[PDB]
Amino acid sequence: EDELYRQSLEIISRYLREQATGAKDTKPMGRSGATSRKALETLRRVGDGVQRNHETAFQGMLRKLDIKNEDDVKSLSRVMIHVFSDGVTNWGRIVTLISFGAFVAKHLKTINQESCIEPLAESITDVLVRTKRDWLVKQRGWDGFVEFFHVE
């Protein structure tokens, strides 16, 4: 019914949850599982590097957002639209979107608000898919993501 949304949510939710808890989800992927698995391998390799390369800026933005509760987490959609959607789209910026999401997910675990991680992943997915579908489709979706970051 909306295959790109469903697959995006699975990849994003899995990465954020795994980043927060330190444990891999053992459940099978849904449809397009082969691609989703490679997308997840790519985020672990690339997204983890991004959180370190931008550590000071990431810690700074986190502090500025001052996330304490569910209402603070709900406020993030507006900021993501402002910063991510209102700019050039490329894979790098999409990785920063998702990687900073993981950064926030880990924060939510530290403040014992782990229940907000899946809603956060839904919000990120809404921003990504619902504001950049045209670009994502043209760039071959998650297959394109995997191809873009491929290690020979």
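Here, rigid core means the biggest group of C-alpha atoms that superpose within 1.5 Å across both forms. Note that residue numbering follows the sequence shown and begins at 1.
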Higher-deviation segment by CA RMS in 6 other deposited structures of this protein, core fitted, 51 to 59 or 64 to 72: 64 to 72
Segment of greater CA departure in 6 other deposited structures of this protein, 35 to 43 or 82 to 90, core superposed: 82 to 90
Of 116 to 124 and 23 to 31, the stretch whose C-alpha atoms average the higher B-factor in the entry: 23 to 31
Between the two ranges 90 to 98 and 107 to 115, the one averaging a larger CA B factor in the entry: 107 to 115
Out of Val83, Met61, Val50, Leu40, highest CA B-factor residue: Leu40
